[PDB]
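S.K.: let me see the structure of the following:
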Amino acid sequence: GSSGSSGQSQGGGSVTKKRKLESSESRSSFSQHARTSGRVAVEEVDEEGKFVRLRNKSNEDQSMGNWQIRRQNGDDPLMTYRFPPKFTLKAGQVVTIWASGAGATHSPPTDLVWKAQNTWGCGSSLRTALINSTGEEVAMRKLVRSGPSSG
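M.R.: Numbers count the residues shown, from 1 in each chain. This is the structure:
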């Protein structure tokens with residue numbers, strides 16, 4: 001008398017993901033309107049004008065030893081924050097240019113504090129562009145708040 005041996009093994013099936021994955025809409029902060037054109041791009045510029053975050057998209061260290069930032073909001077004096085002649089925005093790097101009056105913390109070269117000025121500038125309509133060494137814009141970042149229309 002004797003017995004044994006056996007062969008069996010099969011299976012398959014699972015439920016993963018919920019059919020694609022995107023999920024749009026969440027918040028709306030003014031009809032943003034930025035347009036990069038070069039190596040550096042305006043990562044994010046606080047509409048309030050607290051600070052200006054600039055990020056590099058290029059792979060080659062970008063030299064900003066003269067670069068500048070054009071700030072034009074509403075009917076005010078356009079301020080051109082000229083960067084230091086001893087600055088270099090590495091590739092894939094980022095920098096934050098806080099404003100004197102923005103409860104920031106000078107933490108260069110990354111974070112910065114615009115002492116010269118008191119604030120980038122607030123208002124519904126804001127305009128922030130980047131001007132390289134020469135009087136030429138490389139990247140722009142406009143922001144318009146959804147305010148009431150003139151009646």
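S.K.: strands along the chain, start to end?
M.R.: Here the chain has its strands, by DSSP state E, at 33-36, 40-45, 51-56, 62-63, 68-73, 79-82, 88-89, 94-99, 111-114, 125-131, 137-144.
S.K.: can I get those strands in TSV with mean neighbour count and distance to residue 23?
M.R.: In short, each C-beta sits where N, CA and C put it, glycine included. Converted to TSV, these look like this (neighbours: other C-beta atoms under 10 Å; distance: least, C-beta to C-beta, whole Å):
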stretch	mean neighbour count	distance to residue 23
strand 33-36	14	22
strand 40-45	21	21
strand 51-56	21	24
strand 62-63	18	34
strand 68-73	20	32
strand 79-82	16	36
strand 88-89	17	32
strand 94-99	22	26
strand 111-114	20	31
strand 125-131	22	28
strand 137-144	19	24
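S.K.: surely residue 120 and residue 128 touch.
M.R.: Yes - counting by C-beta atoms under 8 Å, residue 120 touches residue 128, with 7.4 Å between them.
S.K.: what do those two both touch?
M.R.: 45, 52, 71 (C-beta atoms under 8 Å, 6 or more residues apart in numbering).
S.K.: ok, the first one - contacts?
M.R.: Taking C-beta under 8 Å, 6+ apart as the criterion, residue 45 is in contact with 51, 52, 53, 120, 126, 128, 141, 143.
S.K.: not counting sequence-adjacent ones, nearest residue to the residue positioned nearest the centre of the chain?
M.R.: By C-alpha atoms, centre = their mean, the chain has its centre lying nearest to residue 43, at 1.8 Å. Using C-beta to C-beta, 6 or more residues apart in numbering and skipping residues adjacent in sequence, the residue nearest residue 43 is residue 55, 3.5 Å away.
S.K.: no more questions from me, cheers.
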